[PDB]
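Worksheet: one structure, shown below.
Heads up, the Cβs are rebuilt from the backbone with ideal geometry, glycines too, and the neighbour counts pull from every protein chain shown. Here, each number is a calculation from the coordinates, and none is a lab measurement.
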Amino acid sequence: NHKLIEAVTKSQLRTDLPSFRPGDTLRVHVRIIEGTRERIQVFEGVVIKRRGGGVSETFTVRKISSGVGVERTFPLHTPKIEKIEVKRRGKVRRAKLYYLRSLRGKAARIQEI
Amino acid sequence: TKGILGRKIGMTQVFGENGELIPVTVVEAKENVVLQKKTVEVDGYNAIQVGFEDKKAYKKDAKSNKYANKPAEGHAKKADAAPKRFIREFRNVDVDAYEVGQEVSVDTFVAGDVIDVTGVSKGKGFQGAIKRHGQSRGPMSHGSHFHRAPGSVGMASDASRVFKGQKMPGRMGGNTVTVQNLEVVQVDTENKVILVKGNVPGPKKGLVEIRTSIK
Amino acid sequence: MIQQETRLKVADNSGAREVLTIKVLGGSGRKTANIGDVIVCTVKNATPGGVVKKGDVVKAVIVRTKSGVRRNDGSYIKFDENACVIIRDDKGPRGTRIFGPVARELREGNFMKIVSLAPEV
Amino acid sequence: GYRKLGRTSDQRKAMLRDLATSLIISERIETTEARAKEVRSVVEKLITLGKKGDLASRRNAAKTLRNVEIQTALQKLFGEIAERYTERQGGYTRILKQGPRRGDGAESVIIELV
Amino acid sequence: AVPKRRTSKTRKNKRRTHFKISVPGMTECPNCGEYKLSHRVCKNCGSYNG
RNA sequence: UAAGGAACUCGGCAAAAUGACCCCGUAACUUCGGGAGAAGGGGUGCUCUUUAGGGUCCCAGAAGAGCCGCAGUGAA
RNA sequence: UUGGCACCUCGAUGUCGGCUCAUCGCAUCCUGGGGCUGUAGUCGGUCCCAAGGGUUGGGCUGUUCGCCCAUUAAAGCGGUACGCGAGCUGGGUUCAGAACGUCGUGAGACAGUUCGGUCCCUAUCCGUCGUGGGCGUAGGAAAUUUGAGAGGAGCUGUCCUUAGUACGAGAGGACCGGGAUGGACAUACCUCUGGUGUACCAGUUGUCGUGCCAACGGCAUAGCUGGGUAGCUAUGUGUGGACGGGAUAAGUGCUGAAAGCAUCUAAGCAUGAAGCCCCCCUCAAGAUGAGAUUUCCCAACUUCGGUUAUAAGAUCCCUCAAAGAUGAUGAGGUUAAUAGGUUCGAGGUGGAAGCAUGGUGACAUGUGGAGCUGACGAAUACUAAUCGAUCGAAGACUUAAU
C-alpha cells in the first residue's frame, strides 16, 4: 500500500469474484474472441498457487488434457473472466501446491473438507 | 502540452478498455509554478522556469536544505510564490504563462498523449566490464585464469598506447536518460497524478521531467 | 531451440517419435523459437510402421512448450512438455491425427488445418 | 540481515544473545559503537515481551536470552525491568560515546537502560 | 612490476602533499572547563549533559 | 538457478548424477575360476495388535490394522 | 605470399591457433545511387560513386586452410611484432622416458609416426576508465542556463494492397507508392512471468543441553527440505534507429559560345546517394577567449596608503540513503520525523502456545486464516542527532560615454 497508488487503481477492483484458497477445484468462464465470435470457454482445474497484491493479484489453475498437464495463469481482476465457481474445497497444508506438477494419477488427488 | 515536473511513485498496472493489461508508472505533479519567464531581449534564449515542490520558509539558523536561504527566498518572492525545490527550465513552449506565479496543473496533459520523460538517476557503484558494458566472460573447461577480466586493451608496439574511449571499470549508472514516445494513460485531479504508459528513469521519490514529444 | 539440440516429442500420427532441432527458422542470428514457430529437425525415433523414416531432415511447427506464451490480457498458458508437428511444403500437417491440446492460438490464417484436427485448442 | 559485524550469521546471533543478556544483567555495559547500534534493537524487543507478560511471551523470550544466574536473566525480565517501563513506549536504552580506544582506535560507547 | 627508475625527492615530496591528519575537532566542556571531543563525554571529571 | 542440455572444448576437464541394507533378477564371452555389485526393478518412518524363535535381562523375526508429510538409509 | 640481403636485438624481443577485446584501409559481400546490355517482365552480366551500419550456428582436424549439414539481406578481402601470453589456454612443437618403419657395425639420426610432460610478477612513469581537492575566472555568495567543441546512434527482413495490373503467345510477373508485424542490436525499469533472497514462516533426521513430561536452544554445508518479503536481476516489461533541411559524388540536364552548325561548361541556371553538415540523445565556460540571467549581503578602526572581524553563505561534529571503495552528493540536526523503538497496515508463511474434547496409541478436531514476521506504507519524539567551534566582502588602474 502507498495510498497514492491506491485510489488510482481502486476503481478497477472487481467485487464479483468469490473467496477461494489454494487446493480447491475451480471453474473459470473465460470470454474468447476467436476470429470474431464471442464464446465462453470453461477451464476447470485445481488452484495451485495464488500470489498476492492489489490490482496485481493473480492465480494459476492446473488441469490434465489428453494426458498432458496444462497450467493457466490469470489476473484476479481481469475483465475477461465472466464468472468463477468453486466446485469443491480441498484439504491442503502448503500455500503453493507445486508438488502436483510431477504427480500424475491417484497420488495427485487432493482430499476434501 | 507544457512540460511538468513530478516525483516517481512506483509502477502498477491497469486494464485497458478492451481487456488489455497496461504497465503504468505513477507520477505525482503538485505545487508547479512559473517563477521566471526568460525572453530573447534579457537572455538570448526564450524559456520558462518552473519550480516543482514547496520548501519551508526562511529560518535564521538552518543546518539543512529544508529551509530556503535568503537568495532563493528572494527569487521566489519576485513571482509571488513560496520557496520551491527543483527549479527547472522548459524550452520549446509558447510563452503564455506568467513570470509571476501561475499554477502549472496536470490537467494540461489531457491534450497530448505521447510524451517524453527525462529522468536523472539510475544508481549503481563501481562496476566491472561484464556489468558496465555487457562484455563476455572467459571459459572454465580448460584451466582458464580469465573470467570477468576486461581483455586486451590495445595492439602491441605499433600502437604503443591505449585509445580514448576504451571500455574499463568505473562508476556505473547515475546518468541522465530520456525515454521517448511514452504515452499518458490517464490524468487525475484531486491527487495531481499522471499515469504514464511504461517505465521512467530513476528511483522512487526521484525527479522526472515530462514534456510533449519532440518527434 | 534453446541451443539447437532440443529433443522434441512429435504429437503426430506420422511415424516420427522424437526430433532434434537443427535450426530455428527466421532471421540471421535467431536463437530460440516458441509456439507458432517453424523449425528444421531431424528424426531420432520412428515407429516401425510409419511413413517418415528416422534420420531425415524435415520441417515442423511448435505446438506445446514448457515455458508457454503470455497474452495481451496478461493471462499465460504453460504446458507440461515440448511437442511439434511435421508440416508439408505449406502449412498443414503430414499425418491425419494430432494428439494432446494444441496451443490456443496457432490460428492466424496459417495453420487452420492443424487447429482443426487437434483434440482441444 | 540488518548489518553484518565481521561475524558469520551463527557467530553474530550468538554474540547478540550474549550482549543482550549482559545488558539486562548489569544494566550498563561498555562495548563498541557498531554493536551498541545493534543491541539497541534486540533488547528493546525483549522488554516488549516482558511488558506483554503472557506465557507465550516467556517462551518466545526464552529463545533469545542465555541461562545465567544472578534470579535468572529471564526472571529479572518480567519482574523489575518490565515493571519500571510500564507507561514508557519505546526508547528503553541510551548510548553514550566515550571516544576511541588504544590498540584499535575503535569508538567505544556505553549503553544502558534509560 | 618493478619501478623503472628512481624517485626524486621532488616527486616524493609532492605525492606526500595530502598525507596528513587533521585537528581532532574538539570543543570546550561547560562543566569541566577543559577540552573535549564534540558529541563525546568529558574525559576529565564530568559528564555529557546533552 | 527459468528453458534447453555438452551446443562448450584438444578433451563432458571440473562439477553434478549413482552410493547404505534387504529382496527378486541378471547377457555375449570364458582358461569353467569367472564376467557380476553385470544390466534392470521393488522396499525402508512411527503406533497398536496378535505371534514358533535365540542366548542366560539380552539378540532375531511373520503377518494384520492405522497415523502423517512435499519428502521415511528424511542429517553426516 | 615463397624468397633475396644480413642493417637493429644472442650480459635473452615467448612460436601456432582460439578466447576476450578492439581499431584502421577500400581493391565493396549486403543495403543505397547510377551508365551500357546479346536489358520484353521476375531474375541477371559488367563497369562507375559510396566505408554509414551489418557481415551465422554446427560435424571432421591442434588446425590457419579445406570439405560438408542447416540457414542468411549477406555469410567481404587485408593491416596493426601473421594485433593481443605484465590478459588467458597450451592441443601442436623444440626438453628428459619409451615404442614402431627406415638409415648406421656402433653410440645414435629422422624422409616420419605414436603415448606423456612445473607456463613467474604486491605496476613506478607515460597511456586509458572513474572520482576529488587547490587556485584562477578583479567584492563575497545561492540557484537556473547558452554551447565553442566532444561523444553516441546509424543495420535489415517478411507479409497485405495498388494488381494478377504494366510486360509477355503463354509460362510467369513488376518499378514508383501505402500499411502491418519481425530478426539482431542498444538503453531504461521490476507492475507481470521467473532467478536469488545466511536476522521471514514452517516441517523433519542424529545428538547434547534448559532437573523431568510439554515447549525451546547448540552443532551437523544455511544439517536438510517446501515456499518467500524488500533489494539486485533476464530469459520478463517498456522505448529507439522516425520525419525532415542544406551542399554534393557518379549520372542526368536547360540555355550557350569558343568552332555561322553541334555541344551538360568556358559564363549562368537546375536535379541527384544508406555517404558530408544540421535535425535525434549525453557531456561540456580550466572555452585562461574562464560567458549569461535572477536573487542575496555591503561599516568600524587607521594614515596603512591598509586592517579587522563579521554579514549573505558554507564546513567541523552528529542521525542516515534514493547515493557510495573512501570521500563526495543527497534526506536531517530540537523552531525536529533523520534513524531506532512503539502502535497500525501491506506482502510472506500457513492455521501457534495453553486448555477442552475423540481415540489404547501414533494422531485428529475446536476456539482463532490463528500466531509469528529483515529490508515496504503511515503516524508518534519516548531514545539519540547537546553545548559549541572554524572559514568567509569592503570591491585595482586607464579611456570613451553619460
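Computed quantities for the displayed model
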read-out	value
Long-range neighbours under 8 Å by Cβ, at least six apart or interchain, first residue at positive phi within region B:104-122, second part of a loop (DSSP other than H, G, I, E, B) and crowded, with 22+ Cβ neighbours inside 10 Å	none
Yes/no for B:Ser121 being in contact with a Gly (Cβ under 6 Å, 6 or more places away or on another chain), farther than 29 Å from B:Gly202 by Cβ and among the polar types (S, T, N, Q)	no
Hits in region B:173-196 (condition: within 14 Å of another protein chain (Cβ to nearest Cβ) and under 13 Å from B:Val27 (Cβ atoms))	B:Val184, B:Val185, B:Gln186, B:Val187, B:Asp188, B:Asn191, B:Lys192, B:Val193, B:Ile194, B:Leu195, B:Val196
Qualifying position, being within 16 Å of RNA strand F (Cβ to nearest atom) and over 18 Å from C:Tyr76 (Cβ atoms), among A:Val92, A:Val70	A:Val92
Within region C:71-121, tally of residues that are surrounded by fewer than 19 Cβ atoms within 10 Å (Cβ to Cβ) and within 14 Å of chain B (Cβ to nearest Cβ)	3
A:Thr73 being within 12 Å of another protein chain (Cβ to nearest Cβ) and at negative phi	yes
Check on C:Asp56, over 11 Å from the mean Cα position of the chain (by Cα) and either surrounded by fewer than 16 Cβ atoms within 10 Å (Cβ to Cβ) or more than 14 Å from chain B (Cβ to nearest Cβ) (or both)	yes
Candidate set from region A:1-55 (those that are among the hydroxyl-bearing types (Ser, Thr, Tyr), more than 10 Å from chain B (Cβ to nearest Cβ) and loosely packed, with under 15 Cβ neighbours inside 10 Å); member that is nearest to A:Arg101 (Cα to Cα)	A:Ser19
Sole residue being at negative phi and near RNA strand G (Cβ under 6 Å from one of its atoms), chosen from B:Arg137, B:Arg171	B:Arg171
Residue in region C:1-24 that is surrounded by the most Cβ atoms within 10 Å (Cβ to Cβ), counting only those that are within 14 Å of chain A (Cβ to nearest Cβ) and within 12 Å of RNA strand F (Cβ to nearest atom)	C:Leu8
Sole residue being within 11 Å of RNA strand G (Cβ to nearest atom), over 30 Å from B:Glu20 (Cβ atoms) and surrounded by fewer than 21 Cβ atoms within 10 Å (Cβ to Cβ), chosen from C:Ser28, C:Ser67	C:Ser28
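Quick grid of which residues meet (1) of a type in the set (S, T, N, Q); (2) near RNA strand G (Cβ under 10 Å from one of its atoms):
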| position | (1), (2) |
| --- | --- |
| D:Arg12 | no, yes |
| D:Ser22 | yes, no |
| D:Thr32 | yes, no |
| D:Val42 | no, yes |
| D:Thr48 | yes, yes |
